[PDB]
Amino acid sequence: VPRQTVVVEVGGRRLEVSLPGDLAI
Amino acid sequence: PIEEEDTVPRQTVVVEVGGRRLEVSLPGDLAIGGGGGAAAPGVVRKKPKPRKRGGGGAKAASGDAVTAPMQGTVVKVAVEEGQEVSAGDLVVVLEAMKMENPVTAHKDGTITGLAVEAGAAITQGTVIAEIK
Amino acid sequence: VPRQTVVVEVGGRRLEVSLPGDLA
Amino acid sequence: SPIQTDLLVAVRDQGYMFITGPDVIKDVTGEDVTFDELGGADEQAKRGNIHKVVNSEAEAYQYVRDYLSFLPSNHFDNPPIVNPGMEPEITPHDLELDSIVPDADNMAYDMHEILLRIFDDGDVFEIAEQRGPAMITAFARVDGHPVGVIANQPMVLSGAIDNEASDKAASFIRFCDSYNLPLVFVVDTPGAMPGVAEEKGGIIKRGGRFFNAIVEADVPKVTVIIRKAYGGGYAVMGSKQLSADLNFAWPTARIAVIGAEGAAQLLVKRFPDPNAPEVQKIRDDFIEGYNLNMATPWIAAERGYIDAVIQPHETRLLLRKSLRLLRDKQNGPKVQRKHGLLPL
Amino acid sequence: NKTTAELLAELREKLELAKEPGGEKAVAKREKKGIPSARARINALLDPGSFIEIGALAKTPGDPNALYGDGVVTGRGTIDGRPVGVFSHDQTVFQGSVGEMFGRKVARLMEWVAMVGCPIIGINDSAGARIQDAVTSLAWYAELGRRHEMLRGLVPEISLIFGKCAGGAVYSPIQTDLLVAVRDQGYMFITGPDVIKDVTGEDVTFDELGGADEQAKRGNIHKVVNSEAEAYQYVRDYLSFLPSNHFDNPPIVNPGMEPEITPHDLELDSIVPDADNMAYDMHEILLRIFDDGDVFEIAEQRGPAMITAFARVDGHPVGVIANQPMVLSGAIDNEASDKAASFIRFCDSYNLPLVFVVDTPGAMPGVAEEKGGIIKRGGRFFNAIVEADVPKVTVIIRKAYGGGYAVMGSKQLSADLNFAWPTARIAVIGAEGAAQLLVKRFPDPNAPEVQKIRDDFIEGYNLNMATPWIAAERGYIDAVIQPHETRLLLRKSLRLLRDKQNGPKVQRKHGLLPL
Amino acid sequence: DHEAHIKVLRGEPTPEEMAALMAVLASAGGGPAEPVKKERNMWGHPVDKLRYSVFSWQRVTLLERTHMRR
Amino acid sequence: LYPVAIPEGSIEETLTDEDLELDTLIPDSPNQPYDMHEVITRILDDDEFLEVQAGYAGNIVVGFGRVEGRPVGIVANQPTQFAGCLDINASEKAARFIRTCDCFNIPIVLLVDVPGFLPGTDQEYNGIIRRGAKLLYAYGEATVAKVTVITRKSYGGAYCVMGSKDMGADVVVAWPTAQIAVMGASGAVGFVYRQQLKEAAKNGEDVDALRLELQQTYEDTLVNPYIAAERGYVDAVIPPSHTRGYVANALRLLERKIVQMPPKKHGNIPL
Amino acid sequence: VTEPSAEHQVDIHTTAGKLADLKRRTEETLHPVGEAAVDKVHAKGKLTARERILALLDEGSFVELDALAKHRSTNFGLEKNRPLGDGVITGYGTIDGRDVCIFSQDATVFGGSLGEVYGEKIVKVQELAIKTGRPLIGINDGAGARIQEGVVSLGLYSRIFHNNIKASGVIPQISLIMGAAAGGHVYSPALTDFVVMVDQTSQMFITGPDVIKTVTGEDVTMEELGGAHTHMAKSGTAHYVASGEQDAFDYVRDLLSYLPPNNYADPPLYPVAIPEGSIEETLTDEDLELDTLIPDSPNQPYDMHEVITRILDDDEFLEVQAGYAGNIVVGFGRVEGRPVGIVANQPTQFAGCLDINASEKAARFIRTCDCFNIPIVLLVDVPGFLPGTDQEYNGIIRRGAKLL
Ligand SMILES: CCC(=O)SCCNC(=O)CCNC(=O)[C@H](O)C(C)(C)COP(=O)(O)OP(=O)(O)OC[C@H]1O[C@@H](n2cnc3c(N)ncnc32)[C@H](O)[C@@H]1OP(=O)(O)O
Ligand SMILES: *C(=O)CCCC[C@@H]1SC[C@@H]2NC(=O)N[C@@H]21
Ligand SMILES: *C(=O)CCCC[C@@H]1SC[C@@H]2NC(=O)N[C@@H]21
């Protein structure tokens with residue numbers, strides 16, 4: 001399954017958190 | 001699994017955070033933040049018991065049998081049926097991985113029903129003799 | 001709700017992480 | 001009142017049981033007896049009146065806690081589920097079972113080597129250990145769900161089912177049925193113990209009670225045969241003909257009416273010249289053929305008396321699968337009535 | 001193709017053949033041993049001409065040498081006009097060993113009996129393993145053993161031991177409710193003396209290792225007769241007290257005789273001996289407190305200190321558990337306890353009211369009893385008496401001491417109505433036991449001081465403690481009655497208790513016995 | 001201290017990446033956080049709709065068992 | 001239930017002349033039909049028989065009667081129509097009759113002379129499978145007393161449908177003329193001896209004679225009540241005159257069968 | 001003496017030797033009649049009975065029973081050929097995490113015909129399924145009874161049919177047809193709840209075309225007589241006609257997803273988000289289209305699938321008997337995760353009029369849903385019953401009362 005991506009900003013930077021599409025948690 | 005936490009199932013996932021490749025292990029009951037659904041109506045976690053028989057204090061609880069502690073070959077038999085032996089006396093010597101292991105009497109008494117002879121392959125738990 | 005503390009192991013070292021308890 | 005309860009735990013050298021004391025016995029029958037000989041904890045445990053003997057009251061309490069940890073609170077409730085989902089794949093401990101049965105028949109071995117490996121962990125909680133030591137009745141867990149294990153103990157008296165073993169198994173099976181514990185049979189036995197004392201002690205009626213209990217139980221029943229299953233032993237240790245649900249055998253299994261030796265003497269009582277040389281060779285060849293062709297798992301496998309002949313290391317996960325299939329078993333057509341009758 | 005008449009004639013000759021499957025060779029051996037055929041036994045048991053045979057033409061599949069019937073005759077008929085299923089071993093076919101069709105026929109008969117709700121009688125003389133297919137014999141031993149559970153507590157099961165039952169053959173009879181054996185002809189044992197000698201070296205004969213009387217004394221056999229005709233008559237008498245199944249009513253025989261006090265009733269006022277230490281025959285009371293002398297005893301030999309029997313009150317069957325002072329002072333021993341427990345459970349299953357006749361000092365003291373398991377057997381007897389749902393009436397004759405009192409239909413153990421004759425003695429222990437407990441405190445048996453003290457204590461104890469009066473005052477018994485009232489009082493009491501409903505009880509899988 | 005923790009088996013993230021990862025994971029987590037006890041309501045249960053023979057053992061093992069399980 | 005004075009003695013001792021007529025009822029030639037009403041009226045009391053749906057699917061006869069005063073439902077194959085073959089209409093007719101009798105506690109007696117199902121593309125297209133399973137379902141579901149009397153033929157799936165022992169028949173008896181087999185001798189030979197018939201074809205032997213010889217052997221060995229009797233599928237092979245006695249005894253004993261199915265809201269009979 | 005590796009077998013008198021023997025026998029059960037037969041099946045383009053089971057069930061979940069069974073007949077020289085398993089593979093497993101009991105018939109063993117041990121194995125799994133309250137899946141390919149065995153085959157068929165009747169309405173029963181099912185193999189599928197046939201490679205018929213030709217004179221092929229299309233369009237016996245074996249497995253998995261394991265357990269509910277607000281407030285664009293769906297003139301048809309898809313979740317609708325009696329549409333769907341059974345009139349076929357076939361189709365679908373506690377939604381646009389003398393003569397009254 002295509003990976004899911006999330007855009008986050010911590011302080012003065014922009015990060016992308018990529019996770020497996022079927023992350024069950 | 002040795003400790004209580006080792007019993008919890010885990011799933012390992014690959015996470016990229018700012019390019020970095022991280023290899024994150026997640027428990028099956030992670031209550032991170034508001035996440036819940038942990039356990040079940042009657043699920044209890046406890047330290048598992050080792051797959052071993054008790055300990056020395058009950059070396060043979062009314063047990064006359066002498067059992068091979070490991071698989072191997074009986075390379076020597078140091079007793080004969082009807083022989084009296086004392087605790088710590090050598091009973092047999094088993095060769096495993098080309099190393100000798102002595103199996104000794106755990107209690108005082110007469111060797112009865114000796115079941116093995118030199119050169120016989122022996123499996124773990126096999127009854128070598130009964131001390132009565 | 002109060003904050004919550006998670007413990008994370010990063011290469012064997014323990015690391016605390018405090019988060020808002022309202023994340024969901 | 002105590003004898004009506006399900007579990008009696010006595011403290012050694014502190015607990016005794018008897019209807020009549022030694023002084024009154026001396027007055028009436030003149031015979032002389034001590035407290036230990038009459039109703040000592042160990043003596044009562046051997047006789048089967050006491051389920052457990054401990055050295056201290058703290059140990060008794062801990063034994064009680066452990067005993068309850070496998071059980072529900074009543075006939076209707078569910079038991080605790082402990083550590084579900086451990087070791088979901090074959091492990092080296094499972095693989096050790098592939099070479100745990102001695103090569104030479106008639107070589108005794110300890111059944112705990114198998115019991116400690118075919119369940120969730122080493123938490124095999126034995127009950128009534130001193131009674132009929134040829135039989136092990138215990139609690140274990142399969143994927144966290146408690147189960148009652150009835151196993152033969154080849155280490156003691158060849159694993160033959162004697163009077164005390166029969167009664168112990170019968171009572172344990174009825175208790176497990178009452179509290180909805182699935183039953184697991186681990187079979188290595190030549191059957192009933194032959195002898196005049198066994199005959200006079202009620203072997204027939206006790207075997208009948210064991211038959212009755214096994215058939216009466218409504219809980220799931222799974223059998224695993226380790227080596228010998230001869231005659232009455234085969235029948236009572238969860239045979240498919242006595243309403244067992246799933247039956248498995250290790251390739252070391254031997255299913256037959258009687259052992260090769262016994263059949264050999266049954267043959268030799270014809271032309272009975274034990275002093276002749278030829279009869280010895282005839283016996284040896286007969287035994288070889290019997291153990292190659294008759295006392296094996298293959299006849300039962302091909303007739304369907306056993307569901308499958310499995311590799312030993314599959315036992316743990318196979319039990320998990322079988323008991324999961326049998327969670328919601330509903331026993332077949334049964335006529336509700338006051339109660340059943342058992343031989344007593 | 002053959003004509004219809006030819007087919008019918010062929011069938012007739014085939015059936016005439018199947019009536020003697022083993023042929024002249026085996027018939028000659030059977031007639032030399034001088035034992036009747038299986039069909040002869042069935043026809044002697046059943047009503048004339050009522051037998052309908054099922055599976056007379058069954059054979060082993062794919063076996064060129066199989067013989068019709070496969071070693072068993074199974075069918076149905078009537079005993080005294082009431083339905084019954086019957087099977088009988090035939091030793092002329094494969095020595096009567098258990099084959100596939102043997103087992104299938106018997107299993108189908110058991111299923112038929114469970115379906116119709118009728119008793120089943122099995123005439124056993126040989127059911128050994130089939131040397132050709134011993135594994136099949138094992139499998140079918142197990143199959144029949146399974147099917148007994150359907151019948152346990154549902155319909156009466158009777159076994160007639162007319163031969164040597166050995167090996168796996170014993171597993172089916174032991175499940176049945178009644179076992180009647182012919183004396184020097186029926187045996188029962190797991191292993192034979194030759195095998196016993198081979199394995200353990202002991203020397204033992206058949207009589208020692210499972211003769212009719214030996215097994216009766218051990219409790220595995222309920223009745224020993226001298227002939228098969230006597231066995232059949234015992235079966236008919238036994239069935240005359242019982243319903244066809246768990247649900248139906250039993251026959252009512254001669255209701256309403258002698259509705260007023262009779263000289264036989266008045267003989268009871270003086271039947272108990274004046275002295276306490278004297279024994280007497282409890283049958284002198286059992287033959288007067290019921291409708292007539294039809295007291296049908298079961299397992300006479302097992303525990304001779306206890307009497308288990310059937311009787312009738314106003315034409316209605318009842319079970320009778322009585323103490324026998326004539327034997328071992330009426331003390332309840334291991335065999336007595338188990339006999340009472342088994343009888344109580346059977347009577348409850350078939351809805352027979354229970355009558356307890358109490359004259360007993362209690363459990364028999366002894367190291368032998370302790371080692372034989374007196375505690376669990378007393379526990380089983382407690383459990384059975386309390387589990388029973390049927391009406392319970394107790395009559396105390398002389399002695400009810402300790403556990404004997406508690407277990408012989410005590411009001412505390414759920415008995416419905418309790419009565420005591422004026423000779424009754426209800427106490428924890430007897431006067432002699434209490435006196436010993438008291439005297440052992442003094443230094444020595446210093447006569448005449450010690451003897452005078454013991455005599456005074458015993459006199460006071462028998463006048464004040466071991467009496468019906470404390471129990472009567474506290475309500476432990478419903479009434480102290482003159483002995484001659486017993487028969488009609490039982491009539492009234494059981495007629496009141498006809499439709500007893502027992503509760504509150506929580507329905508569940510089952511109770512648990514001590515085992 | 002016997003509880004299962006999150007493990008970063010490989011990699012050495014800095015505090016910023018750790019914070020981002022934990023925030024995202026906490027957001028991903030959800031479901032019943034602290035649910036109330038599930039209310040018992042046996043009204044119209046399927047077991048009650050079945051035809052039972054007057055002498056059926058399922059009247060004990062299925063009907064009574066279902067009604068009494070608690 | 002009507003009160004009836006049952007004569008005492010055994011079935012043999014209580015045989016009547018009307019019962020003896022059944023001994024010769026069946027024709028000598030298996031290809032020759034007979035009226036099954038002859039059997040029905042000779043086993044029913046006072047020859048009374050209330051037929052249901054007489055003008056429909058004549059290949060099966062269903063109706064009501066009395067045996068010793070007990071009401072009973074007769075389901076019988078009729079050789080005079082389609083050789084007694086089961087078809088869609090017959091299956092549905094008998095199925096609902098059996099279900100009505102089971103609803104109202106009326107035991108059923110089946111009289112079996114059935115060579116199979118009626119071949120036909122029309123049957124297949126109209127649903128002989130789905131609609132013939134209705135009879136199977138009704139019979140298997142019935143818990144009233146169930147008796148089967150096989151007169152001549154019970155072949156194949158028709159055998160399974162018409163009161164087979166394993167489908168729950170309480171009593172099964174077969175007349176000496178019964179013929180219980182997987183199929184007819186001709187098809188059986190043409191299949192089990194394909195090898196030898198093709199060898200004969202190779203060598204030029206008279207296949208049209210070898211086939212008849214083998215068919216005769218097969219008929220003499222297997223087309224009879226005795227193989228089922230050996231397997232226990234037939235409780236007893238009886239003279240035809242014994243039929244009423246056996247039926248009466250079975251119905252008297254099977255008033256209240258202690259039998260049950262698994263609990264359910266209802267069944268899922270094919271429609 | 002020493003032996004080359006090819007000939008050596010571990011000493012059978014040892015535990016390792018006995019394990020080796022079990023391995024040899026297990027390997028033999030994979031190709032009970034030789035690898036040539038497996039190759040023939042694959043060349044014909046079909047899956048083996050084992051491959052079918054392994055493809056239907058979850059990976060690694062299959063536990064096989066009676067794998068080493070052999071037949072014990074001696075008639076007509078059968079004893080010379082005793083393949084392992086006797087022609088049927090039986091056991092239990094999981095489908096989407098839920099336990100099921102399964103059997104699959106092997107057409108390479110005596111043509112897949114039923115013998116004594118064959119039937120005994122099937123009876124064993126049927127009893128297990130009834131006892132455990134779990135669905136039973138049967139895969140049917142076989143030439144009726146094994147003729148050499150005799151009436152014992154009929155006895156086993158009777159036992160199997162009786163078990164199907166006992167399980168009717170107690171546990172779901174699904175029958176896949178993946179070959180020529182002849183003789184007695186047709187009746188068990190007819191008694192099971194659902195039937196799935198493969199389009200061109202599966203047939204069902206009681207009597208074969210040869211007998212039909214001999215008796216009636218009609219010429220017909222197996223496909224015409226009992227093909228999947230014949231039993232879908234004409235006899236109304238098949239519930240689904242798959243394009244292939246994988247497609248049939250997919251349909252069976254979807255069917256199981258809507259049904260409970262038994263008649264007293266709770267159904268397989270899905271978690272869904274329920275929008276909060278009134279029904280007026282929570283309207284969607286897809287919902288608004290229903291306001292214009294219906295034509296102005298009453299003579300004009302419309303497709304009822306438009307309503308069905310717009311009211312079911314995710315527009316997913318598993319139709320049943322799609323190619324049969326098109327004037328009524330029956331199938332399974334979910335409403336807020338709850339499985340439901342749809343019964344709807346179809347205006348585009350016969351104006352939506354009820355008739356015999358529609359009545360029977362809808363009636364049995366409703367009775368299945370009720371047996372397994374699945375609520376039903378009826379979409380009604382019906383002008384009456386289809387007029388015609390054929391309807392009356394074929395029993396529109398009697399057979400239409402079934403739906404009622
Ligand atoms: C209830 C009573 C009944 O059902 S009577 C049984 C019905 N009789 C049938 O054979 C059904 C129709 N049979 C056939 O004509 C074909 O076998 C069908 C089913 C169409 C399959 O054809 P096809 O795939 O070409 O196979 P085939 O016949 O060429 O060869 C199949 C192999 O198996 C055998 N076989 C087949 N059916 C049976 C049977 N019922 N009993 C015993 N053996 C059977 C065939 O003889 C052949 O064996 P072989 O491989 O030639 O050694
Ligand atoms: C002759 O041997 C074959 C033709 C007759 C076959 C008959 S027709 C009616 C029955 N139904 C069937 O399938 N076979 C029987
Ligand atoms: C119009 O009303 C008369 C002809 C059409 C009648 C239609 S046909 C289908 C419906 N069924 C019925 O009886 N009338 C309706």
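Just follow the structure's listing: the first ligand is 1, and inside any ligand the first atom is 1. Each chain gets a letter, A, B and so on, in the order the sequences are listed, and its residues count up from 1. What's counted below: heavy atoms across the whole structure, side chains too, no hydrogens, waters or symmetry copies.
- Not one N or O of H:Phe205 is nearer than 3.5 Å to an N or O of ligand 1, by distance alone.
- Judged by the 6.0 Å and 45° rule, G:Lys165 forms no cation-pi pair with G:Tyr233.
- At a 4.0 Å heavy-atom cut-off, ligand 1 touches G:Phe191 through the side chain alone.
- Using a 4.0 Å cut-off to heavy atoms of G:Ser186, the atoms of ligand 2 that qualify are 1 (C), 2 (O).
- Remark: ligand 1 atoms within the under-4.0 Å shell around heavy atoms of G:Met183 are 5 (S), 6 (C).
- G:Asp113 has no carboxylate O lying under 4.0 Å from a charged side-chain N of G:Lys153, or vice versa, which leaves the two without a salt bridge.
- Ring pair H:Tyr157/H:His185: centre-to-centre distance below 6.0 Å.
- In the vicinity of G:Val182, heavy-atom distances shorter than 4.0 Å reach the ligand 1 atoms 2 (C), 5 (S).
- Atoms of ligand 1 lying under 4.0 Å from at least one heavy atom of H:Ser113, given by number and element, are 39 (C), 40 (N), 41 (N), 42 (C).
- A salt bridge links G:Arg130 with H:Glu360: the distance from a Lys NZ or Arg NE/NH1/NH2 to an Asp or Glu carboxylate oxygen falls below 4.0 Å.
- Against a heavy-atom cut-off of under 4.0 Å, H:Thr207 is close to the following atoms of ligand 2: 13 (O).
- Distance check: G:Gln81 CD to G:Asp87 CG gives 10.0 Å after rounding to the nearest 0.5 Å.
- Under a 4.0 Å criterion applied to the non-hydrogen atoms of H:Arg146, ligand 1 contributes the atoms 41 (N).
- Contact annotation: the side chain of G:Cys160 approaches that of H:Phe161 to within less than 4.5 Å [non-hydrogen atoms, C-beta and beyond].
- Both tests do not hold together for H:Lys361 against H:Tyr324: distance to the six-membered ring centre under 6.0 Å, angle to the ring axis within 45°.
- Side-chain contact check for H:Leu191 versus H:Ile165: some heavy-atom pair is nearer than 4.5 Å.
- Considering every non-hydrogen atom in both H:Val382 and H:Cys353, the closest pair reads CG2-CA, 4.5 Å.
- Considering backbone and side-chain N/O of H:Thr214, none are found under 3.5 Å from N/O of ligand 2.
- Pocket lining of ligand 3, defined as residues with a non-hydrogen atom under 4.0 Å away: H:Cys353, H:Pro383, H:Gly384, H:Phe385, H:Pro387.
- Checked for salt-bridge contact, H:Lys124 and H:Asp66 meet the test: a charged N lies under 4.0 Å from a carboxylate O.
- Note on D:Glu302 versus H:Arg82: salt bridge recorded, some NZ/NE/NH1/NH2 to OD/OE distance being below 4.0 Å.
- Those atoms of ligand 1 that come under 4.0 Å of a heavy atom in H:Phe110, given as number and element, are 33 (O), 35 (N), 43 (N), 44 (C).
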**Asked** Is there a side chain to side chain donor-acceptor pair (under 3.5 Å) between H:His71 and H:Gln148 once you walk through the steps?
**Response** CA-CA 12 Å; H:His71 82 72; H:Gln148 291 99 331; over 6 Å; no
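- Ligand 1 has no atom lying under 4.0 Å from any heavy atom of G:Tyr155.
- The pair H:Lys213-H:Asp219 counts as a salt bridge, with a side-chain nitrogen and a carboxylate oxygen less than 4.0 angstrom apart.
- The residue H:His185 has no part lying near ligand 1, judged by heavy-atom distances below 4.0 Å.
- Under the 4.0 angstrom criterion for non-hydrogen atoms, H:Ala145 is in contact with ligand 1.
- Contact atoms of ligand 1 toward H:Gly183: 4 (O) (distance under 4.0 Å to a heavy atom of the residue).
- Summarising the contacts of atom 33 (O) of ligand 1 with H:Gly144, H:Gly208, H:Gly111, H:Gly179, the nearest heavy atom is found in H:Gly111.
- Screening H:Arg72, H:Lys121, H:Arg146 against H:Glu116 for a salt bridge (charged side-chain N to carboxylate O under 4.0 Å, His left out) leaves a single residue, H:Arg72.
- If you number the atoms of ligand 1 from 1 as listed, the ones under 4.0 Å from a heavy atom of H:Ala182 come out as 11 (C).
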